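Nothing in this text is a laboratory measurement; each read-out follows from the coordinates by a stated rule. Note that we place each Cβ from the backbone using ideal geometry, even for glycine, and neighbour counts take in every protein chain shown.
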Amino acid sequence: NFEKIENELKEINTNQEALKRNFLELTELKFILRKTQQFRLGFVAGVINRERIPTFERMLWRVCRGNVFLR
Amino acid sequence: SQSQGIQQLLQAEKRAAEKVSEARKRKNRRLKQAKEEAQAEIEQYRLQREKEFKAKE
């Protein structure tokens with residue numbers, strides 16, 4: 001019985017964490033797709049904490065020699 | 001605002017597709033012309049071989 005409880009908690013915690021992570025990642029993906037749907041070229045798309053955007057955008061304009069389109 | 005970027009992306013792919021499609025059509029037309037000019041030279045060779053064979057006979 002002790003092993004039953006122990007193994008149930010370990011497995012269920014592990015699964016809960018993984019499923020919650022996947023759920024949050026797909027939640028981000030729902031918004032990413034809805035915004036992206038408004039638009040040989042190439043592109044990438046994603047999500048970030050808003051506070052990093054100023055440094056993120058400036059570094060894209062620094063690593064590429066003044067050439068990048070961002071929304 | 002964002003509509004200018006949307007139009008630039010759509011028109012960029014259109015411009016690319018046009019130049020590539022026209023160059024692919026030109027490539028196929030050139031290869032067809034190569035085969036036609038080749039056949040004209042091949043007929044001239046055949047005719048020369050026939051004239052020579054008639055002379056040998």
Straight-line reach check, residue A:20, cutoff 17 Å on alpha carbons, 8 or more apart in-chain or any other chain, hits among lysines -> A:10, A:30
Bins of 5 Å from zero: percent of alpha-carbon pairs in chain B: 4, 15, 10, 10, 9, 7, 8, 7, 6, 6, 4, 4, 3, 2, 2, 1, 0, 0
What does the charge count near residue A:60 come to, summing +1 for each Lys or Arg and -1 for each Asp or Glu among other residues with Cβ under 15 Å from its Cβ? +4
From fewest to most C-beta neighbours within 10 Å, the residues A:14, A:36 line up as A:14, A:36
For chain B: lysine pairs under 23 Å (alpha-carbon distance), excluding those fewer than 8 apart on one chain: 6
Run the dipole for chain B about the Cα centre, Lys and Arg Cβ at +1, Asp and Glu Cβ at -1, nothing else charged, and hand back the magnitude in debye, nearest 20. 120
At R0 = 30 Å, how high is the FRET efficiency between residue A:7 and residue A:29 if r is their beta carbon distance? Nearest 0.05 is fine. 0.40
